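There is one chain below, alone, in structure tokens, taken in the form deposited in one PDB entry.
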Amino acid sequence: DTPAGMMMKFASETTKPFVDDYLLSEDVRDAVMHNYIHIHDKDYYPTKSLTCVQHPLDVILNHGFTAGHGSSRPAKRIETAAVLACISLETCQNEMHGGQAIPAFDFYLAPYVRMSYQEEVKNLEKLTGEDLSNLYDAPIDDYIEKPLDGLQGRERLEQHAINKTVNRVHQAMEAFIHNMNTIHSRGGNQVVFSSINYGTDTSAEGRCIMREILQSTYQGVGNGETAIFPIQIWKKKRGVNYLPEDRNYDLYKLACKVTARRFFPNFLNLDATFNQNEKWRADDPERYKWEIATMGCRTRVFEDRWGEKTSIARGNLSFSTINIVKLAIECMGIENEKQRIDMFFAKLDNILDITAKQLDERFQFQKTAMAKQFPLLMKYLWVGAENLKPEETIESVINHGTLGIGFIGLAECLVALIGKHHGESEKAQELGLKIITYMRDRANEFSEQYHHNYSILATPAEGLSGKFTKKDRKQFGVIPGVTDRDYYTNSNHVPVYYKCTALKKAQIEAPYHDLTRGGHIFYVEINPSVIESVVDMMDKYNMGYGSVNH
């Protein structure tokens, strides 16, 4: 209803028909118009825009930035560091059509906690002329606040400086949360898709950042209201924060308490077999950038076939979802199960080939864009973009993103077309695993054939919940169990209308996480005890990403 939202609606309504013509191939357009492929962000296709990125904030925070005429010097405080993080996210959100993430929020904001502490001790020195130079690089335990009742001497000055640092970090974290939840910067709804990942920083500064962000989340925004953005994600590592002996276990417990009330942060299990990296050393200051980072849109970019297995500075180029329920409904007419399965697999093969060709064509369209079209993404944020002239193509660096082949309604793909759904039957579970494994193998073949990074995606429900189901119900009527819910069940998820305990849901949904390298989530609807149990079952059965709601 806002003028900006109306402008973006007009732009989308004048772009989607345009991309449908002269840009989509004949086969691609035929597949899209026949309710087979949903090309996500079909608007912004003419812009040659990429989907998402994990911002390397060290570059921006240490060298400033110069985007157009907007130039910022290197940060000297937490107050400026948080604002620069917000600025980077907002600026890159206007250059891309997907989420923006901070892979290491605790690692990126941590030197500036020490710089703020040094400013406090230097202000106390100029107030007192006491030459407190031994407190500059001294090791701090946790940056905690104490009443200061009877701590006279240099102890009083040290504790007062720590108190001021804690207050400054608290104000900066409140500012970051409120700016990401209040500033309406992008187009349309205007709220930036913001995510931050933290949990694996054991230093006192990172612990202070995490503690203050958790306290600010716990206190809410404004008058105790829960914050919608940024999507907070807690990185779970055994030996760092999971076991009671671990360094950041207490903060982890605190995180659970916050999830008990504000339902944030989410949890990213770095102990999953697919999320492990052989170059993660617990001592290296750069032990991040070798660990998995996830967005609120569930986009996972970890493995690269011609580079490093990292999530920083990389992202998704574009992803499109495949309607497998439609193929299953089409093959429903075969009475023999074996022939019906063979027909479904042939249809899936054809649609997978079409989707791969569509993603390749969109890649060829995007690669001709010049670096001048993305002032911040292709100058500080992408992998290798610092070696790009403004008037040269991005083809030398675009072959590092991920092409996503998404799917939806596996439970609906099985509820009545080929028997029962995977929540209630073991045969259905085996069939669903077979389908997703076939998709993953074909994605690997596509990656070899087209020289790209293809990954299977458990597409988030937002923006696609009812688009497929309405057309399927129009074409095929009300199929009992399939086209009768007004929404397709989320990908490889137990249907919400099926009453199963969290243990059974986790056991059913665990295998699909390894197959969906492009993204996945565990969803529990329901006290820190229950959150602890959810994380425990995420640990017991290999699961990448998880969240608890109400």
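When you see a residue number, it is the position in the sequence shown, counting from 1. For clarity, a rigid core is taken as the largest C-alpha set superposing within 1.5 Å between two forms.
- Compared with other PDB entries of the same protein, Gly187 is missing from at least a third of those that resolve the residues around it.
- According to the entry, the deposited sequence has no residues without coordinates between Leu23 and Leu24, so the chain runs continuously there.
Another form, the form deposited in another entry, is not on view; read the next lines as being about it.
- With the core held fixed between the shown form and the other one, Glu448 has its Cα displaced by under 2 Å.
- Once you line up the core between the shown form and the other one, the Cα of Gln364 stays within less than 2 Å of where it was.
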